[PDB]
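Enquirer: Residue numbers (this note's numbering), protein chains in the order written: chain A, 1051 to 1246; chain B, 6 to 206. A virtual CB, placed ideally from N, CA and C, is assigned to each residue, including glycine.
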Amino acid sequence: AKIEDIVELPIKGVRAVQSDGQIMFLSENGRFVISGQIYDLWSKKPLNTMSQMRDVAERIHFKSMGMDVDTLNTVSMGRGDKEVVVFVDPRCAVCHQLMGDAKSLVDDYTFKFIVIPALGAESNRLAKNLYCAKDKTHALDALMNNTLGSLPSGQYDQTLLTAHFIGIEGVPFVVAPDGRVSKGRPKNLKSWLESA
Amino acid sequence: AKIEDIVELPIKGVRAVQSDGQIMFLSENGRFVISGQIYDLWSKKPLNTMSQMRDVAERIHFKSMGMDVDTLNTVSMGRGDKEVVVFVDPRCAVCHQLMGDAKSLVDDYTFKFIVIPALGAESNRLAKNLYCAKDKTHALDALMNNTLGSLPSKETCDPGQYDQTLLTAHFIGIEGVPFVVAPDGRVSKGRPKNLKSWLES
């Protein structure tokens, strides 16, 4: 069954508002109100409570959205049964520092470092090399030391394109085991992973 | 009663999409769909057809939305019974051209030149001078020839560093200058290639 007609509306943000039991959707500047029901098509679920609303604003649940992060330009570090996802650029020094902090935590977490060239054509180069690594154990090591170009083996990186599509902004971008997101490096990684 | 809770959603755009007769609202990356009814609070009307969706995407109806342009930093040119609205910057030469072209149309239209300082501090200064001017009779001419700075000012005017006419334009979706609104509401983001005809249809 088809979409027959499409019109872009002058709407740049939407807020869910709850009053006396009913949840409505207001455009960010107060021009439009939509009375009805919102559905998360990627998670294939209706959002019916303010708690579910907050979940999609504050959290990312990759497997729930049909995303396997191991299929991206991803390298893994650690042994924990709690998964931590960190989008990183190969030239990002705060990303490198964050990755250094994660080394002390490898017993309780498994880190998924997803390499994205968010910072340019040279970042593309390094990310592109890592993608073609013979041995991703060394790739991991290469990533953390900023030694990626001398790695044994498109201008438009798929991991970059995907992150952008789904709204990942800036690096580093961290997703805790419970889905909580950190736009940037948290003050204390260990504490942040434990709880809000 | 009270609004008990509020959540900003990860949505940057909404498309009205029509499927099997009903209209739904889809987020920019397709992640979210909202089934239901949209109401336009500025013009106070429900929107139920794809034609009404196109109307709010393509047109601005100042009076329907309760917007009186004469309350803004505005200057009129022409005598005609069809109102044409043009947002301009004082330093915008492309805007001055359009104004010249408009001299020839004063028979059919009245032009409402809405002055906004969108291009920086010198633009701010000139718009503020127009606003605080003792004498608005020559105001049109000063605008078109870019001589607003020599307009004698009222004692002791100061409206503040943030121009309300600019704030209004930004709020209701004016983008760039010049920005033209035809009598029937159609918008032109930039000077149309051919004006008189554009104003026609």
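Nearest-angstrom Cα distance between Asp1131(A) and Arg1175(A)?
Expert: If I take the Cα positions, the gap works out to 32 Å.
Enquirer: If you count every other CB in all the chains shown that lies within 10 Å of the CB of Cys1142(A), and 16 or more means buried, which is it?
Expert: Classification for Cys1142(A): buried.
Enquirer: Should the region 1093-1109 of chain A be called in touch with the region 41-53 of chain B, which here means at least 3 C-beta pairs below 8 Å?
Expert: Short answer: they don't touch.
Enquirer: From the DSSP output, in three-state form, read off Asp10(B) for me.
Expert: Strand, per DSSP.
Enquirer: Please list, in chain order, all residues of the same chain as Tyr1181(A) whose beta carbon is under 6 Å from its beta carbon, the five residues on each side excluded.
Expert: Cβ within range, chain order: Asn1123.
Enquirer: For the region 1136-1183 of chain A, list the beta strand (DSSP E) runs that are entirely contained and at least 3 residues long, ordered along the chain.
Expert: Taking only runs of at least 3 residues, the beta strand (DSSP E) segments lying wholly in the region 1136-1183 of chain A are 1159-1165.
Enquirer: Is it right to say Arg36(B) is buried, meaning 16 or more other beta carbons lie within 10 angstroms of its own, or is it exposed?
Expert: Buried, because 16 or more other Cβ atoms sit within 10 Å of the Cβ of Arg36(B).
Enquirer: Could you pull out every residue in the same chain whose Cβ sits closer than 8 Å to the Cβ of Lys108(B), ignoring the five residues on either side in sequence?
Expert: Taken in chain order, the residues that qualify are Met82.
Enquirer: Less than 8 Å between C-beta atoms, sequence neighbours within five positions excluded: which residues of the same chain meet that for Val192(B)?
Expert: Cβ within range, chain order: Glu63, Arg64, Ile65, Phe184, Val185, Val186.
Enquirer: Under three-state DSSP, which class holds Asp1120(A)?
Expert: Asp1120(A): helix per DSSP, three-state reduction.
Enquirer: In chain order, what are the residue ranges of uninterrupted alpha helix (DSSP H) at least 4 long that sit wholly in the region 179-205 of chain B?
Expert: Here the runs fully enclosed are 200-205.
Enquirer: Please state the DSSP three-state secondary structure of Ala1066(A).
Expert: Looking at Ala1066(A) - three-state DSSP - the assignment turns out to be strand.
Enquirer: Closest Cβ-Cβ distance between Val1067(A) and chain B: below 7 Å?
Expert: Interface residue, yes.
Enquirer: When the Cα atoms are used, what is the spatial distance from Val90(B) to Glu160(B)?
Expert: C-alpha separation (whole angstroms): 30 Å.
Enquirer: Go ahead and pull the three-state DSSP assignment for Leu52(B).
Expert: Three-state DSSP puts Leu52(B) in a strand.
Enquirer: Beta-carbon of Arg36(B) versus every beta-carbon of chain A: anything under 7 Å?
Expert: Yes, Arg36(B) lies at the interface with chain A (some Cβ there is under 7 Å from its Cβ).
Enquirer: Out of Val1083(A), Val1119(A), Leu1198(A), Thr1197(A), state which residue places its alpha-carbon closest to the alpha-carbon of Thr1212(A).
Expert: Nearest C-alpha to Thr1212(A): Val1119(A).
Enquirer: Spell out whether any CB of chain B is found under 7 Å from the CB atom of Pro1060(A).
Expert: Judged by the 7 Å Cβ criterion, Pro1060(A) is in contact with chain B.
Enquirer: Please identify the residue among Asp1157(A), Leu1210(A), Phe1161(A) whose C-alpha is closest to the C-alpha of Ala1177(A).
Expert: Cα-wise, what sits closest to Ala1177(A) is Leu1210(A).
Enquirer: Indicate the three-state DSSP secondary structure (helix, strand or coil) for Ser155(B) in the structure shown.
Expert: In the structure shown, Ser155(B) sits in a helix (DSSP, three-state: H, G or I).
Enquirer: Please compile the residues from chain B whose C-beta is within a distance smaller than 7 Å of the C-beta of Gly1086(A).
Expert: The answer, in chain order, is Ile39, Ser40, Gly41, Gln42.
Enquirer: Run down chain A in chain order and give the residues with a C-beta less than 7 Å from the C-beta of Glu9(B).
Expert: The answer, in chain order, is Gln1068, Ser1069.
Enquirer: Once you ignore the five residues that flank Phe92(B) on each side, which residues in its own chain have a CB closer than 7 Å to its CB?
Expert: Result list for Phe92(B): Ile119, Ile121, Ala174, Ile179, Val182, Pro183, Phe184, in chain order.
Enquirer: Which value, in whole angstroms, describes the spacing of the CA atoms of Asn34(B) and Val111(B)?
Expert: Approximately 46 Å, taken between the alpha carbons.
Enquirer: Check whether the Cβ of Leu46(B) lies closer than 7 Å to any Cβ atom in chain A.
Expert: Chain A, which has a Cβ nearer than 7 Å to the Cβ of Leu46(B), makes this yes.
Enquirer: Return no unless some Cβ of chain A is closer than 7 Å to the Cβ of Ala187(B).
Expert: Not one chain A Cβ lies under 7 Å of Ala187(B).
Enquirer: Would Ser1101(A) and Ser1114(A) be called neighbours here (beta carbons separated by less than 7 Å)?
Expert: No, the Cβ-Cβ distance between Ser1101(A) and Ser1114(A) is not below 7 Å.
Enquirer: Looking at the unbroken beta strand (DSSP E) that takes in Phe30(B), where does it start and where does it end?
Expert: Note, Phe30(B): beta strand (DSSP E), 27-32.
Enquirer: Hey, out of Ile1216(A), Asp1185(A), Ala1051(A), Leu1169(A), whose CA is closest to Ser1203(A)'s CA?
Expert: Ranking the options by Cα distance to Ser1203(A), first place goes to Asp1185(A).
Enquirer: What residues from chain B crowd round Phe1223(A), counting only those whose CB sits closer than 7 Å?
Expert: Going along chain B, no residue has its Cβ under 7 Å from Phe1223(A), so there is no contact; the nearest lies around 14 Å.
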